[PDB]
Amino acid sequence: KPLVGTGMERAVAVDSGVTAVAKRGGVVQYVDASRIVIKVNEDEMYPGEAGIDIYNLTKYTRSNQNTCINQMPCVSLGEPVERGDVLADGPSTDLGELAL
Amino acid sequence: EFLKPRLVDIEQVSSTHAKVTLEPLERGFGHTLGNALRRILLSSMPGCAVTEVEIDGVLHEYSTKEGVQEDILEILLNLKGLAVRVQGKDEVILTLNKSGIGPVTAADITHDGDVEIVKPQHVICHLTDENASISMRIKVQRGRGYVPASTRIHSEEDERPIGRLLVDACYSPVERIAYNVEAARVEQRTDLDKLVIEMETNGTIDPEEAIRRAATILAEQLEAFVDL
Amino acid sequence: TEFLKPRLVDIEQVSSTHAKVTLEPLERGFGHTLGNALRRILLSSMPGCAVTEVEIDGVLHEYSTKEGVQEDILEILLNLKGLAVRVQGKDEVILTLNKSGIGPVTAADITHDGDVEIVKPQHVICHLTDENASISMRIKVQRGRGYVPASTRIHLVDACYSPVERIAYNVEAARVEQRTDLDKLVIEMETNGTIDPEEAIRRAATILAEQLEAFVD
Amino acid sequence: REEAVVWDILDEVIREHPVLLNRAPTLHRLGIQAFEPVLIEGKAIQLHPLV
Amino acid sequence: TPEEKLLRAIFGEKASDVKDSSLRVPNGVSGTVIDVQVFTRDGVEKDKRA
Amino acid sequence: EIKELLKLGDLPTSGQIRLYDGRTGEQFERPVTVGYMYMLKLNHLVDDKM
Amino acid sequence: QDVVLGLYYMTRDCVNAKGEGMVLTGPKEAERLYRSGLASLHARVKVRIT
Ligand SMILES: Nc1ncnc2c1ncn2[C@@H]1OC(COP(=O)(O)OP(=O)(O)O)=C(OP(=O)(O)OP(=O)(O)O)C1=O
């Protein structure tokens with residue numbers, strides 16, 4: 001993460017899909033190195049089906065030669081997240097900021 | 001003709017920080033020995049960190065373990081920072097077993113008699129699931145300098161065990177050394193120098209023995225100059 | 001966890017006063033750890049004897065002129081520092097320079113004492129102009145541990161007690177079979193002739209071991 | 001196999017055997033100059049700073 | 001060639017009808033195998049590891 | 001605001017400090033600049049270019 | 001560049017520096033004066049040279 005930054009670090013990191021952003025806000029049910037489960041808040045939850053938003057993270061897989069693309073969870077178990085939070089950094093992102 | 005020094009006060013703060021005084025030094029010898037000791041301390045000091053780790057289910061550092069939020073090479077990176085001091089053994093193998101929704105610290109390793117853990121709070125990995133099982137063999141050995149894992153697979157001669165995660169080993173117990181030379185007054189002797197070496201360790205090696213071995217090395221290298 | 005010690009200490013020497021000693025292989029960092037800490041002993045803290053103070057016959061001051069000598073008084077002082085004296089069993093000696101005539105006054109023109117040895121009898125001290133022109137003085141050499149200026153003297157010539165006139169060490173890479181990078185140390189040294197370079201290095205590092213005697217396990 | 005002895009042999013063939021070095025836009029004749037090779041570790045070419 | 005056939009009769013090696021074309025790791029690069037995929041043309045029997 | 005952040009951290013306003021050559025141990029004349037600069041690795045890695 | 005800065009720094013002189021005014025037998029003792037911290041690299045100084 002750049003100690004010397006400009007502010008756009010989030011906007012660049014978030015808008016390219018290399019990270020994993022919260023569909024809906026809630027609390028984390030389970031945090032693996034593999035996946036992440038967010039128990040949806042009722043206000044953001046749809047009437048039928050109920051459900052929980054589950055994000056399966058990308059793990060060590062090949063890019064367009066020869067580099068790698070692997071995501072890491074950046075929330076700890078039982079942590080409140082809101083809509084638009086970063087659930088998992090990607091390559092060259094730390095806590096949702098562009099770290100090239 | 002020439003006055004020779006000795007180590008006086010060795011004031012210790014944290015287990016990781018220390019300040020060693022060297023008191024009967026001549027003019028120019030504060031800095032002559034201070035640097036040439038800082039140079040030895042940082043580079044060539046014996047210590048032990050972890051060399052190889054076998055994880056139960058994992059086949060290689062680029063896997064995932066259900067129930068752990070750390071990637072395997074993030075867990076291997078946690079072990080590289082495991083500060084162990086072992087006594088009469090040159091290489092020892094530890095066993096780590098822990099399950100439940102708890103962070104697995106360095107106190108959770110099975111304790112051998114010859115083995116001492118310096119940071120029991122040190123984090124190895126976390127466990128997210130309820131009944132999420134983890135067990136590993138961690139192989140520590142004493143070593144000098146910085147030995148990468150890349151240079152370890154030349155001898156090899158059947159290290160085939162597909163689940164033996166080789167890790168990089170940074171064996172130096174010295175983290176940082178500074179030496180400040182200030183004047184010393186010892187009753188009569190117009191001007192002498194007090195040499196203060198200040199050093200940070202990983203806890204494995206104590207300061208006094210480090211300096212002793214630092215200057216021991218120095219005497220041995222000059223043996224090729226005592227004659228030709 | 002036993003350490004690397006060097007081998008083949010080839011000693012290429014130009015003249016008895018100059019030498020260049022190469023010694024490989026060293027562990028990494030040991031080129032500068034040993035090279036620097038030895039140059040520091042040689043240059044600054046080395047036992048020796050040179051000219052410390054001289055009383056002049058015709059004049060009491062360094063900023064005067066002497067009838068019969070074409071060298072300024074402070075130019076003769078530069079010649080005295082470059083007089084290479086090795087003294088045997090004496091801690092303080094005083095010499096006598098008796099010489100007159102239309103000749104340059106060399107160091108062979110000094111009285112030859114039993115305990116005093118002049119390294120350069122050919123060495124030029126000063127010149128003498130026409131006629132006889134009388135000059136004779138007593139010159140006192142002193143022991144020291146390094147180089148003591150006249151500025152630091154409070155109770156005068158600069159005193160170069162260390163026999164080193166110049167020391168440099170060059171660290172180049174060394175290869176030992178499957179040992180990518182080691183240090184090959186090249187020491188090059190000039191003496192004033194009193195002690196020869198080879199023995200100077202030996203006594204240089206012995207001093208260093210003595211300081212470490214209170215530490216060797 | 002890169003046996004240890006081939007390295008010591010490579011120094012033998014390398015000694016009085018100059019090599020040519022050439023940089024991209026070869027403008028004048030100095031763009032190709034011959035140097036005596038020094039066996040170095042790593043994948044980089046080491047270039048004398050004055051040339 | 002003549003001489004190569006004399007070499008075949010001395011050390012008695014059944015000269016192969018087949019040539020070595022294995023995929024081998026490029027020289028200089030080194031790492032860990034982390035995946036194998038096998039795509040077999042429809043009709044060929046899926047081999048053991050496949 | 002940059003010099004004022006350095007004061008808050010007990011660091012010199014000049015952003016320069018006195019440095020020491022770890023080889024000879026002797027100090028460096030003049031104060032050199034030290035500080036933290038974000039630095040990238042560009043994918044022109046030599047073991048590709050060689 | 002890196003080198004001409006070095007020589008320009010050597011062959012330079014400042015008004016009042018450590019060693020100002022002493023007289024040295026030769027260039028060798030002039031390097032001895034600098035590496036011992038006694039004389040400054042830039043101080044007006046008469047030296048016997050050939
Ligand atoms: N004689 C040369 N001197 C210095 N540099 C050279 C030379 N030749 C090629 N390059 C570099 O090698 C590639 C292009 O090689 P080629 O033109 O496609 O030809 P061939 O495929 O046969 O190698 C570029 O480097 P890069 O790809 O890194 O990008 P760059 O041009 O901006 O430096 C070139 O500079």
# chains A, B, ... in the order shown; residues from 1 in each chain; ligands from 1
$ residues_around --residues "segment 59-69 of chain B" --least-positions-apart "5" --cutoff "6 Å" --atoms "only C-alpha atoms" --output "ChimeraX atom specification"
/A:32-33 /B:126-129,132,163
$ write_last_selection --atoms "C-alpha atoms" --output "compact mmCIF listing (two decimals), in the first residue's frame"
# COMPACT_ATOMS: atom_id res chain seq x y z
CA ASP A 32 -12.22 -19.08 4.44
CA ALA A 33 -9.14 -18.49 2.39
CA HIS B 126 -6.22 -18.56 12.22
CA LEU B 127 -9.04 -21.10 12.19
CA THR B 128 -12.51 -20.08 11.05
CA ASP B 129 -14.60 -23.27 11.03
CA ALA B 132 -11.43 -27.37 11.49
CA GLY B 163 4.09 -32.48 0.84
$ interface_residues --of "chain C" --to "chain B" --cutoff "10 Å" --atoms "only C-alpha atoms" --output "PyMOL selection string"
chain C and resi 1-11+21+23+26-30+32-41+44-45+47+144-145+198-217
$ write_last_selection --atoms "N, CA and C atoms" --output "compact mmCIF listing (two decimals), in the first residue's frame"
# COMPACT_ATOMS: atom_id res chain seq x y z
N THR C 1 28.94 -25.05 11.46
CA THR C 1 29.01 -23.62 11.71
C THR C 1 30.46 -23.21 12.00
N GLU C 2 31.39 -23.87 11.32
CA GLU C 2 32.78 -23.46 11.30
C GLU C 2 33.01 -22.56 10.10
N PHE C 3 33.96 -21.64 10.23
CA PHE C 3 34.08 -20.52 9.32
C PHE C 3 35.15 -20.74 8.26
N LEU C 4 35.07 -19.92 7.22
CA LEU C 4 36.00 -19.98 6.11
C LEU C 4 37.25 -19.19 6.46
N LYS C 5 38.41 -19.78 6.19
CA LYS C 5 39.72 -19.19 6.40
C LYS C 5 40.41 -19.12 5.05
N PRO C 6 41.26 -18.12 4.83
CA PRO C 6 41.79 -17.92 3.48
C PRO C 6 42.99 -18.82 3.21
N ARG C 7 43.36 -18.86 1.94
CA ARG C 7 44.45 -19.69 1.45
C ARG C 7 45.19 -18.94 0.36
N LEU C 8 46.42 -19.38 0.08
CA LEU C 8 47.28 -18.76 -0.92
C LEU C 8 47.41 -17.27 -0.67
N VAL C 9 48.35 -16.90 0.20
CA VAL C 9 48.56 -15.50 0.52
C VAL C 9 49.75 -15.04 -0.30
N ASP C 10 49.51 -14.78 -1.59
CA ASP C 10 50.58 -14.45 -2.51
C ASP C 10 50.96 -12.99 -2.30
N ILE C 11 52.26 -12.74 -2.21
CA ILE C 11 52.79 -11.46 -1.73
C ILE C 11 53.66 -10.86 -2.83
N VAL C 21 49.69 -7.34 -1.05
CA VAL C 21 49.46 -8.69 -0.55
C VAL C 21 48.00 -9.05 -0.83
N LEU C 23 44.96 -11.93 -0.61
CA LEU C 23 44.60 -13.08 0.21
C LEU C 23 43.13 -13.43 -0.01
N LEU C 26 37.57 -15.00 1.41
CA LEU C 26 36.98 -14.55 2.66
C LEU C 26 35.47 -14.77 2.62
N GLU C 27 34.86 -14.88 3.79
CA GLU C 27 33.41 -14.92 3.79
C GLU C 27 32.89 -13.55 3.36
N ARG C 28 31.62 -13.49 2.99
CA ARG C 28 31.10 -12.24 2.44
C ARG C 28 31.04 -11.17 3.52
N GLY C 29 31.55 -9.98 3.19
CA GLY C 29 31.68 -8.91 4.15
C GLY C 29 33.02 -8.86 4.84
N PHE C 30 33.83 -9.91 4.74
CA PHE C 30 35.10 -9.98 5.45
C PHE C 30 36.21 -9.23 4.73
N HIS C 32 35.89 -6.09 3.70
CA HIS C 32 35.86 -4.79 4.35
C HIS C 32 36.00 -4.90 5.87
N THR C 33 35.51 -5.98 6.48
CA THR C 33 35.66 -6.12 7.92
C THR C 33 37.12 -6.23 8.33
N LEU C 34 37.91 -7.01 7.58
CA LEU C 34 39.32 -7.16 7.89
C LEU C 34 40.16 -6.08 7.24
N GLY C 35 39.82 -5.71 6.00
CA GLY C 35 40.59 -4.70 5.29
C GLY C 35 40.56 -3.35 5.97
N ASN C 36 39.35 -2.87 6.29
CA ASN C 36 39.21 -1.57 6.94
C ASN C 36 39.85 -1.56 8.32
N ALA C 37 39.48 -2.52 9.17
CA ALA C 37 39.97 -2.53 10.55
C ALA C 37 41.48 -2.71 10.63
N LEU C 38 42.13 -3.16 9.56
CA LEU C 38 43.58 -3.23 9.53
C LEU C 38 44.21 -1.94 9.04
N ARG C 39 43.64 -1.33 8.00
CA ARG C 39 44.08 0.00 7.58
C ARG C 39 43.95 1.01 8.72
N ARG C 40 42.91 0.86 9.55
CA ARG C 40 42.70 1.78 10.67
C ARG C 40 43.81 1.64 11.71
N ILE C 41 44.26 0.42 11.97
CA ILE C 41 45.37 0.23 12.91
C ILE C 41 46.66 0.76 12.32
N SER C 44 46.59 5.01 11.88
CA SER C 44 46.35 5.90 13.01
C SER C 44 47.09 5.51 14.27
N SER C 45 47.16 4.21 14.58
CA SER C 45 47.68 3.71 15.86
C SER C 45 48.77 2.66 15.60
N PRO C 47 53.03 1.87 16.44
CA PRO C 47 54.24 2.34 17.11
C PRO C 47 55.36 2.64 16.13
N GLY C 144 55.79 7.20 19.61
CA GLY C 144 54.40 7.59 19.51
C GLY C 144 53.55 6.46 18.99
N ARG C 145 52.24 6.61 19.16
CA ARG C 145 51.25 5.63 18.73
C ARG C 145 50.39 6.30 17.66
N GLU C 198 55.84 -6.55 5.11
CA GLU C 198 55.34 -7.87 5.51
C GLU C 198 55.18 -7.95 7.03
N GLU C 199 56.23 -7.61 7.77
CA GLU C 199 56.16 -7.64 9.23
C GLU C 199 55.22 -6.57 9.77
N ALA C 200 55.01 -5.48 9.02
CA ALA C 200 54.09 -4.45 9.46
C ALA C 200 52.67 -4.99 9.54
N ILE C 201 52.25 -5.75 8.53
CA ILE C 201 50.92 -6.35 8.54
C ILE C 201 50.78 -7.30 9.73
N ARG C 202 51.80 -8.13 9.95
CA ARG C 202 51.79 -9.08 11.05
C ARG C 202 51.57 -8.37 12.38
N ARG C 203 52.34 -7.32 12.63
CA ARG C 203 52.21 -6.57 13.87
C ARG C 203 50.93 -5.73 13.89
N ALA C 204 50.41 -5.36 12.71
CA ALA C 204 49.15 -4.62 12.66
C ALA C 204 47.99 -5.45 13.21
N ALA C 205 47.86 -6.69 12.75
CA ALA C 205 46.74 -7.53 13.18
C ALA C 205 46.94 -8.11 14.57
N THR C 206 48.19 -8.29 15.00
CA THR C 206 48.44 -8.72 16.37
C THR C 206 47.86 -7.73 17.37
N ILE C 207 48.10 -6.43 17.14
CA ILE C 207 47.50 -5.37 17.95
C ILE C 207 45.99 -5.56 18.05
N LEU C 208 45.35 -5.89 16.93
CA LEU C 208 43.89 -6.04 16.92
C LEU C 208 43.45 -7.23 17.77
N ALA C 209 44.16 -8.35 17.66
CA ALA C 209 43.83 -9.52 18.48
C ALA C 209 43.95 -9.20 19.97
N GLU C 210 44.93 -8.37 20.34
CA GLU C 210 45.14 -8.04 21.75
C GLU C 210 43.94 -7.31 22.33
N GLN C 211 43.32 -6.44 21.54
CA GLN C 211 42.13 -5.74 22.01
C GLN C 211 40.99 -6.71 22.24
N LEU C 212 40.91 -7.75 21.42
CA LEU C 212 39.90 -8.80 21.48
C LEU C 212 40.21 -9.90 22.49
N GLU C 213 41.36 -9.84 23.17
CA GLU C 213 41.74 -10.91 24.08
C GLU C 213 40.73 -11.11 25.20
N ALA C 214 40.02 -10.05 25.58
CA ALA C 214 39.00 -10.15 26.61
C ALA C 214 37.66 -10.65 26.08
N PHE C 215 37.60 -11.13 24.84
CA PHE C 215 36.35 -11.60 24.26
C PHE C 215 36.40 -13.00 23.68
N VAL C 216 37.57 -13.52 23.32
CA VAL C 216 37.65 -14.79 22.62
C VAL C 216 37.15 -15.90 23.53
N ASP C 217 36.13 -16.62 23.08
CA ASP C 217 35.52 -17.69 23.87
C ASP C 217 36.51 -18.80 24.20
$ interface_residues --of "chain D" --to "chain E" --cutoff "12 Å" --atoms "only C-alpha atoms" --output "list in words"
residues 1, 42 and 43 of chain D
$ write_last_selection --atoms "N, CA, C and O atoms" --output "PDB file, in the first residue's frame"
ATOM      1  N   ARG D   1      24.793 -31.307 -17.551  1.00  0.00           N
ATOM      2  CA  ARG D   1      24.789 -31.517 -16.112  1.00  0.00           C
ATOM      3  C   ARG D   1      25.424 -30.359 -15.356  1.00  0.00           C
ATOM      4  O   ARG D   1      25.259 -30.274 -14.135  1.00  0.00           O
ATOM      5  N   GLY D  42      24.496 -14.167 -12.226  1.00  0.00           N
ATOM      6  CA  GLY D  42      23.321 -13.414 -12.604  1.00  0.00           C
ATOM      7  C   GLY D  42      23.161 -13.338 -14.111  1.00  0.00           C
ATOM      8  O   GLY D  42      24.013 -13.772 -14.889  1.00  0.00           O
ATOM      9  N   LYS D  43      22.034 -12.763 -14.522  1.00  0.00           N
ATOM     10  CA  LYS D  43      21.617 -12.781 -15.915  1.00  0.00           C
ATOM     11  C   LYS D  43      21.856 -11.454 -16.616  1.00  0.00           C
ATOM     12  O   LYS D  43      21.412 -11.278 -17.755  1.00  0.00           O
TER      13      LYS D  43
END
$ residues_near_ligand --ligand "ligand 1" --cutoff "12 Å" --atoms "only C-alpha atoms and all ligand atoms" --output "PDB file with C-alpha atoms, in the first residue's frame"
ATOM      1  CA  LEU D  20      31.659  -8.189 -29.162  1.00  0.00           C
ATOM      2  CA  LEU D  21      29.046  -5.947 -27.543  1.00  0.00           C
ATOM      3  CA  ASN D  22      26.444  -4.013 -29.528  1.00  0.00           C
ATOM      4  CA  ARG D  23      23.764  -1.540 -28.416  1.00  0.00           C
ATOM      5  CA  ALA D  24      20.543  -0.785 -30.281  1.00  0.00           C
ATOM      6  CA  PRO D  25      20.977   2.162 -32.733  1.00  0.00           C
ATOM      7  CA  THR D  26      24.467   1.450 -34.083  1.00  0.00           C
ATOM      8  CA  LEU D  27      25.355   4.985 -35.148  1.00  0.00           C
ATOM      9  CA  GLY D  31      28.482   0.918 -31.314  1.00  0.00           C
ATOM     10  CA  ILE D  32      30.246  -2.448 -31.522  1.00  0.00           C
ATOM     11  CA  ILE D  45      25.527  -7.936 -18.788  1.00  0.00           C
TER      12      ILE D  45
ATOM     13  CA  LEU F  42       8.052  -3.572 -14.032  1.00  0.00           C
ATOM     14  CA  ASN F  43       7.656  -6.846 -15.907  1.00  0.00           C
ATOM     15  CA  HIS F  44      10.875  -6.596 -17.862  1.00  0.00           C
ATOM     16  CA  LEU F  45      12.302  -9.264 -15.583  1.00  0.00           C
ATOM     17  CA  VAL F  46      15.814 -10.151 -16.669  1.00  0.00           C
ATOM     18  CA  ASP F  47      15.362 -13.935 -16.632  1.00  0.00           C
ATOM     19  CA  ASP F  48      12.871 -13.259 -19.436  1.00  0.00           C
ATOM     20  CA  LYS F  49      15.072 -10.839 -21.414  1.00  0.00           C
ATOM     21  CA  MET F  50      18.223 -13.014 -21.329  1.00  0.00           C
TER      22      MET F  50
END
$ interface_residues --of "chain G" --to "chain C" --cutoff "8 Å" --atoms "only C-alpha atoms" --output "ChimeraX atom specification"
/G:23-25,28-29,31-32,36
$ write_last_selection --atoms "N, CA and C atoms" --output "compact mmCIF listing (two decimals), in the first residue's frame"
# COMPACT_ATOMS: atom_id res chain seq x y z
N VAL G 23 51.93 21.95 6.17
CA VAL G 23 52.84 21.66 5.06
C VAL G 23 53.22 20.19 5.13
N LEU G 24 53.05 19.49 4.01
CA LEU G 24 53.10 18.03 3.98
C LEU G 24 54.18 17.57 3.02
N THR G 25 54.92 16.54 3.43
CA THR G 25 56.12 16.13 2.70
C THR G 25 55.79 15.69 1.28
N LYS G 28 51.48 11.33 -0.41
CA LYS G 28 51.14 10.17 0.40
C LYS G 28 50.67 10.58 1.79
N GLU G 29 51.44 11.43 2.46
CA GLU G 29 51.04 11.95 3.76
C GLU G 29 49.79 12.84 3.66
N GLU G 31 47.06 11.93 1.77
CA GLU G 31 45.98 10.97 1.93
C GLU G 31 45.91 10.46 3.36
N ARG G 32 47.07 10.36 4.03
CA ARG G 32 47.10 9.96 5.43
C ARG G 32 46.40 10.99 6.31
N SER G 36 42.53 9.84 8.18
CA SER G 36 42.60 9.84 9.63
C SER G 36 41.71 10.90 10.26
$ atom_distance --atom1 "atom CA of residue 38 of chain D" --atom2 "atom CA of residue 22 of chain C"
19.2 Å
$ interface_residues --of "chain G" --to "chain D" --cutoff "10 Å" --atoms "only C-alpha atoms" --output "MDAnalysis selection string"
chainID G and resid 1:3
$ select_by_dssp --residues "chain F" --states "alpha helix (DSSP H)" --output "ChimeraX atom specification"
/F:2-8,46-49
$ residues_around --residues "residue 13 of chain G" --least-positions-apart "6" --cutoff "8 Å" --atoms "only C-alpha atoms" --output "VMD selection string"
chain G and resid 41 to 44
$ write_last_selection --atoms "N, CA, C and O atoms" --output "PDB file, in the first residue's frame"
ATOM      1  N   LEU G  41      39.131  17.511   3.197  1.00  0.00           N
ATOM      2  CA  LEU G  41      39.412  17.278   1.785  1.00  0.00           C
ATOM      3  C   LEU G  41      39.658  18.583   1.040  1.00  0.00           C
ATOM      4  O   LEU G  41      40.450  18.619   0.092  1.00  0.00           O
ATOM      5  N   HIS G  42      39.004  19.663   1.460  1.00  0.00           N
ATOM      6  CA  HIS G  42      39.164  20.975   0.841  1.00  0.00           C
ATOM      7  C   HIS G  42      39.664  21.959   1.893  1.00  0.00           C
ATOM      8  O   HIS G  42      38.870  22.589   2.594  1.00  0.00           O
ATOM      9  N   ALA G  43      40.981  22.110   1.989  1.00  0.00           N
ATOM     10  CA  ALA G  43      41.577  23.140   2.829  1.00  0.00           C
ATOM     11  C   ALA G  43      42.856  23.604   2.157  1.00  0.00           C
ATOM     12  O   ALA G  43      43.670  22.767   1.754  1.00  0.00           O
ATOM     13  N   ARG G  44      43.024  24.919   2.017  1.00  0.00           N
ATOM     14  CA  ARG G  44      44.228  25.437   1.381  1.00  0.00           C
ATOM     15  C   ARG G  44      45.459  24.954   2.131  1.00  0.00           C
ATOM     16  O   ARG G  44      45.581  25.157   3.342  1.00  0.00           O
TER      17      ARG G  44
END
$ residues_around --residues "residue 101 of chain C" --least-positions-apart "6" --cutoff "9 Å" --atoms "only C-alpha atoms" --output "list in words"
residues 128, 129, 130, 131, 132, 133 and 134 of chain C
$ closest_residue --among "C:31, C:183, C:68, C:139" --to "chain F" --atoms "only C-alpha atoms"
C:31
$ closest_atom_pairs --of "chain C" --to "chain D" --cutoff "12 Å" --atoms "only C-alpha atoms" --output "JSON lines"
{"residue": "C:173", "atom": "CA", "partner": "D:40", "partner_atom": "CA", "distance": 9.6}
{"residue": "C:174", "atom": "CA", "partner": "D:40", "partner_atom": "CA", "distance": 10.8}
{"residue": "C:175", "atom": "CA", "partner": "D:40", "partner_atom": "CA", "distance": 10.1}
{"residue": "C:176", "atom": "CA", "partner": "D:8", "partner_atom": "CA", "distance": 10.4}
{"residue": "C:177", "atom": "CA", "partner": "D:4", "partner_atom": "CA", "distance": 6.7}
{"residue": "C:178", "atom": "CA", "partner": "D:4", "partner_atom": "CA", "distance": 7.2}
{"residue": "C:179", "atom": "CA", "partner": "D:41", "partner_atom": "CA", "distance": 10.7}
{"residue": "C:180", "atom": "CA", "partner": "D:41", "partner_atom": "CA", "distance": 7.0}
{"residue": "C:181", "atom": "CA", "partner": "D:41", "partner_atom": "CA", "distance": 8.3}
{"residue": "C:182", "atom": "CA", "partner": "D:41", "partner_atom": "CA", "distance": 11.9}
$ select_by_dssp --residues "chain D" --states "strand (DSSP E or B)" --output "number ranges by chain"
D: 19-22, 32-35
$ residues_around --residues "residue 18 of chain C" --least-positions-apart "3" --cutoff "10 Å" --atoms "only C-alpha atoms" --output "list in words"
residues 12, 13, 14, 15, 165, 166, 188, 189, 190, 191, 192, 193, 196, 197 and 198 of chain C
$ write_last_selection --atoms "N, CA, C and O atoms" --output "mmCIF file, in the first residue's frame"
data_model
loop_
_atom_site.group_PDB
_atom_site.id
_atom_site.type_symbol
_atom_site.label_atom_id
_atom_site.label_comp_id
_atom_site.auth_asym_id
_atom_site.auth_seq_id
_atom_site.Cartn_x
_atom_site.Cartn_y
_atom_site.Cartn_z
ATOM 1 N N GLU C 12 53.049 -10.108 -3.735
ATOM 2 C CA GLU C 12 53.789 -9.465 -4.811
ATOM 3 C C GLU C 12 54.269 -8.120 -4.281
ATOM 4 O O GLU C 12 53.457 -7.262 -3.919
ATOM 5 N N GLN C 13 55.585 -7.941 -4.222
ATOM 6 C CA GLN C 13 56.183 -6.771 -3.596
ATOM 7 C C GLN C 13 57.058 -6.028 -4.594
ATOM 8 O O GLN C 13 57.878 -6.638 -5.291
ATOM 9 N N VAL C 14 56.852 -4.720 -4.688
ATOM 10 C CA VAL C 14 57.720 -3.836 -5.454
ATOM 11 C C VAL C 14 58.618 -3.144 -4.439
ATOM 12 O O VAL C 14 58.137 -2.372 -3.606
ATOM 13 N N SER C 15 59.920 -3.428 -4.499
ATOM 14 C CA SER C 15 60.908 -2.872 -3.576
ATOM 15 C C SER C 15 60.662 -3.355 -2.148
ATOM 16 O O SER C 15 59.594 -3.892 -1.834
ATOM 17 N N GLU C 165 53.283 5.058 5.140
ATOM 18 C CA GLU C 165 53.186 6.293 4.382
ATOM 19 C C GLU C 165 51.879 6.368 3.612
ATOM 20 O O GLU C 165 51.414 7.470 3.301
ATOM 21 N N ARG C 166 51.294 5.210 3.295
ATOM 22 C CA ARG C 166 50.021 5.104 2.597
ATOM 23 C C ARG C 166 49.550 3.655 2.655
ATOM 24 O O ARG C 166 50.351 2.733 2.478
ATOM 25 N N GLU C 188 47.621 -3.189 -0.231
ATOM 26 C CA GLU C 188 48.801 -2.550 -0.800
ATOM 27 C C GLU C 188 49.304 -1.493 0.173
ATOM 28 O O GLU C 188 48.516 -0.676 0.661
ATOM 29 N N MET C 189 50.605 -1.500 0.453
ATOM 30 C CA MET C 189 51.120 -0.713 1.564
ATOM 31 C C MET C 189 52.518 -0.182 1.273
ATOM 32 O O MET C 189 53.329 -0.847 0.622
ATOM 33 N N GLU C 190 52.774 1.034 1.756
ATOM 34 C CA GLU C 190 54.067 1.702 1.678
ATOM 35 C C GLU C 190 54.592 1.974 3.084
ATOM 36 O O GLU C 190 53.825 2.359 3.974
ATOM 37 N N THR C 191 55.893 1.775 3.282
ATOM 38 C CA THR C 191 56.540 1.976 4.572
ATOM 39 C C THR C 191 57.565 3.101 4.465
ATOM 40 O O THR C 191 57.923 3.539 3.369
ATOM 41 N N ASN C 192 58.045 3.576 5.617
ATOM 42 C CA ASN C 192 59.153 4.525 5.631
ATOM 43 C C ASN C 192 60.512 3.841 5.665
ATOM 44 O O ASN C 192 61.534 4.527 5.735
ATOM 45 N N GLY C 193 60.554 2.517 5.593
ATOM 46 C CA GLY C 193 61.795 1.785 5.585
ATOM 47 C C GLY C 193 62.209 1.226 6.929
ATOM 48 O O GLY C 193 63.008 0.286 6.968
ATOM 49 N N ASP C 196 59.595 -3.227 7.526
ATOM 50 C CA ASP C 196 59.224 -3.612 6.177
ATOM 51 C C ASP C 196 57.754 -4.031 6.131
ATOM 52 O O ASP C 196 57.173 -4.400 7.154
ATOM 53 N N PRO C 197 57.123 -3.959 4.949
ATOM 54 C CA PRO C 197 55.660 -4.125 4.889
ATOM 55 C C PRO C 197 55.162 -5.449 5.434
ATOM 56 O O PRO C 197 54.150 -5.474 6.144
ATOM 57 N N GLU C 198 55.837 -6.553 5.113
ATOM 58 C CA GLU C 198 55.339 -7.866 5.512
ATOM 59 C C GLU C 198 55.177 -7.950 7.026
ATOM 60 O O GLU C 198 54.104 -8.307 7.528
#
$ interface_residues --of "chain F" --to "chain C" --cutoff "12 Å" --atoms "only C-alpha atoms" --output "PyMOL selection string"
chain F and resi 21-26
$ interface_residues --of "chain A" --to "chain B" --cutoff "12 Å" --atoms "only C-alpha atoms" --output "PyMOL selection string"
chain A and resi 28-37+57-61+68-78+88
